[PDB]
Structures are given as C-alpha cells and as structure tokens.
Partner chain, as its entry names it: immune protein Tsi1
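One chain is shown next in structure tokens, namely the form solved without the partner chain.
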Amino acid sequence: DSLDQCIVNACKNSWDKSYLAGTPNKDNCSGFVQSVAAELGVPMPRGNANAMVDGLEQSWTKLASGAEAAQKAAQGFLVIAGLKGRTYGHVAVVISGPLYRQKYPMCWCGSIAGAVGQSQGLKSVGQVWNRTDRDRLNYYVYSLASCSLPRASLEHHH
C-alpha cells in the first residue's frame, strides 16, 4: 500500500457510516469528516461545518495552498479543506492525487446538498465548491501523521 493508504481507507470506510445517527455521512459533510477523524484517531472540533472550521482555525496548522495540502496528504496526514458559509459551511478531506487546473486537490466529502457536494475521491475541491469559493478555501493539517509504516513483510525495490 501507499504511505497514505490509511487516509483513503478511512474515507472509504466513513462513506456509509452515520456519525450523526440516522443521517448517512454521504449526506452530511461534518459527519463524514468526523468519522474519518475518528477512524484515524485525530481529535476534531465538534459541531456543524461552520463550528468545525472555527475550531480548526483556532487550533490547526494552516497550509498555504491546495498543492501543499495534497503533498501533506500524500505523507499520511489528515488534511481538511474548509470554508464557512453564511448559512452552512462545507468541509472535505483532501487526498493525494493530480491537481485539477494545476491548483485544486482531490477530495472526499459528503453533503446534505446531495451529489453536487459529494465526492468519493473523484472530484477535486475545485469542482465541489463554487467557482466563487474554490480560491478562498482554507486547508488545515493535523500535527502528526495518521498512517503507520508499511507492513514489514512488504517486498519493494531499493
């Protein structure tokens, strides 16, 4: 497995869970991120997307760009893209992968909005968020990598 496989694994595993009991994570951006963090053992601010962004802004390291965000995810860190909204905010997990338009990283996220706000790693943050918002995203990274060493039994090239 890749060094960052635990991030994608936690995303896949969180999709059909219901962090808010009764509401599938695919239909709840905050719940999706909470379930990913819980699987990885990363403490996370509580509440709706806006409250979570408030908490991340107060306590997490912020990255300078979506490119940096993908780079940190590739090293096995949990990286959250977030933006507050006047009514509802949105949060997503950034994963390694090619940058859309040379700028916007791939992501996983659920959304009460439905399919337009959902990504199972196949949309970038620049496709999920509005054109008026995608250049205003905040990227937060946890202080320690969540993934472990590869299995000791792994045979690989030198």
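Numbering follows the first chain given and starts at 1. Definition used throughout: the rigid core is the maximal C-alpha set that superposes within 1.5 Å between two forms.
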property: In 7 other deposited structures of this protein, rigid core aligned: more displaced of 111-119 and 90-98 by C-alpha RMS; result: 111-119
property: Mean C-alpha temperature factor, higher of 60-68 and 106-114; result: 60-68
property: Greater mean Cα temperature factor according to the PDB record, 41-49 or 119-127; result: 41-49
property: Residue 136 - which third its CA temperature factor falls in, relative to the rest of the chain; result: highest
property: B-factor third for the C-alpha atom of residue 26 within its chain; result: middle
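The next section is about a form of this same protein that is not shown, the form deposited with the partner chain bound.
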property: Contact flag, residue 41 vs the partner chain in the entry with it bound, heavy atom cut 4.5 Å; result: no
property: Contact flag, residue 108 vs the partner chain in the entry with it bound, heavy atom cut 4.5 Å; result: no
property: Residue 89, heavy atom within 4.5 angstroms of the partner chain in the entry with it bound; result: yes
property: In the entry with it bound, residue 60 touching the partner chain (heavy atom, 4.5 Å); result: no
property: Residue (of 37, 93, 128, 70) lying close to the partner chain in the entry with it bound, criterion heavy atoms within 4.5 Å; result: 128
property: Candidate site 4, 76 and 103: all three near the partner chain in the entry with it bound by heavy atom within 4.5 Å; result: no
